[PDB]
Amino acid sequence: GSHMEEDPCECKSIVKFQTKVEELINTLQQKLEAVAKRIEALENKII
Amino acid sequence: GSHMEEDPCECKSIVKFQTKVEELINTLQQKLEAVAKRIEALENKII
Amino acid sequence: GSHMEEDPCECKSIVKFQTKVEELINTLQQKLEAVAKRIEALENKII
C-alpha cells in the first residue's frame, strides 16, 4: 500500500532507484570481467 | 520535433527512461548468467 | 566541496547521471557480446 499525496516528483525516489542501478550495473561489469577471466582459462587449453 | 514549454523537469521522463534501464540492465545480467553457463560447457572438455 | 542551496531536485543532476548509465550499460552489453564471441571461439575446439 502507498500514500496518494506525498512525493511530488520522486525528487529522491528516482535518484534513489538510480543508486540501485549504480550497484547493479557494477555487478554486471563484475560477472563480465570474471567471464573474460574464465574464457582465457579455456584459451589455455584451446590455444 | 518536440514542444518547448511542457515537461518542466521530466518528472516522469527521467523515471520513464529509468524503467528502460531496469529491463535493459536485467537483459545484461541475462546474457551474463548465460555466458557463465557456456563457459562451464567448455570446462567440461577443458577440465 | 559543494554548495548548499542551488540544485533543488537535481532536475538535471539525476538525468545527468542517467546519461552516464546509458553509455556504461552499453559498454556492459559490449563486453558481453564479445564474451559470447570468445565462447564460440572455444566451441570451435570443444565442439
# chains A, B, ... in the order shown; residues from 1 in each chain; ligands from 1

call {"tool": "closest_atom_pairs", "arguments": {"of": "chain C", "to": "chain B", "cutoff": "8 Å", "atoms": "only C-alpha atoms", "output": "CSV"}}
result
residue,atom,partner,partner_atom,distance
C:11,CA,B:9,CA,5.2
C:12,CA,B:9,CA,7.6
C:14,CA,B:14,CA,7.7
C:15,CA,B:14,CA,5.9
C:18,CA,B:18,CA,7.7
C:21,CA,B:21,CA,8.0
C:22,CA,B:21,CA,7.8
C:25,CA,B:25,CA,6.9
C:28,CA,B:28,CA,7.0
C:29,CA,B:28,CA,6.0
C:32,CA,B:32,CA,6.7
C:35,CA,B:35,CA,7.2
C:36,CA,B:35,CA,6.4
C:39,CA,B:39,CA,6.7
C:42,CA,B:42,CA,6.8
C:43,CA,B:42,CA,7.0
C:46,CA,B:45,CA,6.3

call {"tool": "atom_distance", "arguments": {"atom1": "atom CA of residue 47 of chain C", "atom2": "atom CA of residue 47 of chain B"}}
result
14.6 Å

call {"tool": "select_by_dssp", "arguments": {"residues": "chain B", "states": "alpha helix (DSSP H)", "output": "JSON, numbers by chain"}}
result
{"B": [13, 14, 15, 16, 17, 18, 19, 20, 21, 22, 23, 24, 25, 26, 27, 28, 29, 30, 31, 32, 33, 34, 35, 36, 37, 38, 39, 40, 41, 42, 43, 44, 45, 46]}

call {"tool": "write_last_selection", "arguments": {"atoms": "N, CA, C and O atoms", "output": "compact mmCIF listing (two decimals), in the first residue's frame"}}
result
# COMPACT_ATOMS: atom_id res chain seq x y z
N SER B 13 9.77 11.76 -17.27
CA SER B 13 10.65 11.43 -18.43
C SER B 13 11.97 10.83 -17.94
O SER B 13 12.58 10.02 -18.61
N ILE B 14 12.41 11.23 -16.78
CA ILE B 14 13.68 10.70 -16.22
C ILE B 14 13.41 9.34 -15.59
O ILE B 14 14.22 8.43 -15.64
N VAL B 15 12.26 9.20 -15.01
CA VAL B 15 11.89 7.91 -14.37
C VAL B 15 11.35 6.99 -15.47
O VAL B 15 11.34 5.78 -15.34
N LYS B 16 10.95 7.57 -16.56
CA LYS B 16 10.45 6.76 -17.70
C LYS B 16 11.66 6.10 -18.35
O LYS B 16 11.64 4.94 -18.71
N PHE B 17 12.73 6.84 -18.47
CA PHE B 17 13.97 6.25 -19.06
C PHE B 17 14.55 5.27 -18.04
O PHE B 17 15.18 4.29 -18.39
N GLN B 18 14.34 5.53 -16.78
CA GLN B 18 14.87 4.61 -15.73
C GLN B 18 14.32 3.21 -15.96
O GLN B 18 15.04 2.23 -15.94
N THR B 19 13.04 3.10 -16.18
CA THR B 19 12.43 1.76 -16.42
C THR B 19 13.10 1.10 -17.62
O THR B 19 13.26 -0.10 -17.67
N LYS B 20 13.52 1.88 -18.58
CA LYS B 20 14.21 1.29 -19.76
C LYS B 20 15.55 0.73 -19.30
O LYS B 20 16.04 -0.26 -19.80
N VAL B 21 16.13 1.36 -18.32
CA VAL B 21 17.42 0.87 -17.77
C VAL B 21 17.15 -0.31 -16.85
O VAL B 21 18.01 -1.11 -16.57
N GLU B 22 15.94 -0.44 -16.39
CA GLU B 22 15.58 -1.57 -15.49
C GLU B 22 15.52 -2.87 -16.31
O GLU B 22 16.08 -3.88 -15.93
N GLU B 23 14.84 -2.84 -17.43
CA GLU B 23 14.75 -4.07 -18.27
C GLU B 23 16.05 -4.28 -19.04
O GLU B 23 16.49 -5.39 -19.25
N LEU B 24 16.67 -3.21 -19.48
CA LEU B 24 17.94 -3.36 -20.23
C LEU B 24 19.01 -3.96 -19.32
O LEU B 24 19.69 -4.90 -19.68
N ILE B 25 19.16 -3.44 -18.13
CA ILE B 25 20.18 -4.00 -17.20
C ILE B 25 19.87 -5.47 -16.93
O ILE B 25 20.76 -6.30 -16.89
N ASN B 26 18.62 -5.81 -16.74
CA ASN B 26 18.27 -7.23 -16.48
C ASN B 26 18.73 -8.09 -17.66
O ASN B 26 19.27 -9.16 -17.49
N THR B 27 18.53 -7.61 -18.85
CA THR B 27 18.96 -8.37 -20.06
C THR B 27 20.48 -8.54 -20.05
O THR B 27 21.00 -9.53 -20.51
N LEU B 28 21.18 -7.58 -19.51
CA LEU B 28 22.67 -7.70 -19.46
C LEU B 28 23.05 -8.82 -18.49
O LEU B 28 23.89 -9.65 -18.78
N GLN B 29 22.42 -8.85 -17.35
CA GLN B 29 22.72 -9.91 -16.36
C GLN B 29 22.19 -11.25 -16.90
O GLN B 29 22.54 -12.31 -16.42
N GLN B 30 21.37 -11.19 -17.91
CA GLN B 30 20.82 -12.43 -18.50
C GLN B 30 21.86 -13.03 -19.44
O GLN B 30 22.22 -14.19 -19.34
N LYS B 31 22.37 -12.25 -20.35
CA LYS B 31 23.41 -12.77 -21.28
C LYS B 31 24.67 -13.08 -20.47
O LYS B 31 25.54 -13.81 -20.90
N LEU B 32 24.76 -12.52 -19.29
CA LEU B 32 25.95 -12.78 -18.43
C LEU B 32 25.79 -14.13 -17.73
O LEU B 32 26.69 -14.95 -17.72
N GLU B 33 24.64 -14.38 -17.15
CA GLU B 33 24.42 -15.68 -16.46
C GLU B 33 24.39 -16.80 -17.50
O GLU B 33 24.55 -17.97 -17.18
N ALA B 34 24.20 -16.46 -18.74
CA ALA B 34 24.19 -17.50 -19.80
C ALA B 34 25.62 -17.69 -20.29
O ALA B 34 26.06 -18.78 -20.60
N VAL B 35 26.37 -16.62 -20.31
CA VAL B 35 27.79 -16.70 -20.73
C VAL B 35 28.53 -17.61 -19.75
O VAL B 35 29.38 -18.38 -20.14
N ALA B 36 28.21 -17.53 -18.49
CA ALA B 36 28.90 -18.40 -17.49
C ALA B 36 28.45 -19.84 -17.72
O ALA B 36 29.18 -20.78 -17.46
N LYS B 37 27.26 -20.02 -18.21
CA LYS B 37 26.76 -21.40 -18.47
C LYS B 37 27.47 -21.97 -19.70
O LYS B 37 27.65 -23.16 -19.84
N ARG B 38 27.90 -21.11 -20.58
CA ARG B 38 28.62 -21.58 -21.79
C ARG B 38 30.08 -21.83 -21.40
O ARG B 38 30.72 -22.74 -21.90
N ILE B 39 30.59 -21.05 -20.49
CA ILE B 39 31.99 -21.24 -20.04
C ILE B 39 32.12 -22.62 -19.40
O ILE B 39 33.03 -23.36 -19.69
N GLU B 40 31.20 -22.96 -18.54
CA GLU B 40 31.26 -24.31 -17.90
C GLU B 40 31.15 -25.36 -19.00
O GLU B 40 31.75 -26.42 -18.92
N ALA B 41 30.41 -25.06 -20.03
CA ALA B 41 30.28 -26.02 -21.15
C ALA B 41 31.67 -26.32 -21.70
O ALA B 41 32.00 -27.44 -22.04
N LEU B 42 32.50 -25.32 -21.78
CA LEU B 42 33.88 -25.53 -22.28
C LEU B 42 34.72 -26.18 -21.18
O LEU B 42 35.66 -26.90 -21.44
N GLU B 43 34.37 -25.94 -19.94
CA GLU B 43 35.14 -26.55 -18.82
C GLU B 43 34.88 -28.05 -18.79
O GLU B 43 35.60 -28.80 -18.17
N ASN B 44 33.86 -28.48 -19.46
CA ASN B 44 33.55 -29.94 -19.49
C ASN B 44 34.58 -30.64 -20.37
O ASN B 44 34.84 -31.82 -20.23
N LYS B 45 35.16 -29.92 -21.29
CA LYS B 45 36.18 -30.53 -22.19
C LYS B 45 37.56 -29.95 -21.88
O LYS B 45 38.57 -30.46 -22.32
N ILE B 46 37.61 -28.90 -21.11
CA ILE B 46 38.92 -28.29 -20.76
C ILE B 46 39.33 -28.73 -19.36
O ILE B 46 40.48 -28.64 -18.97
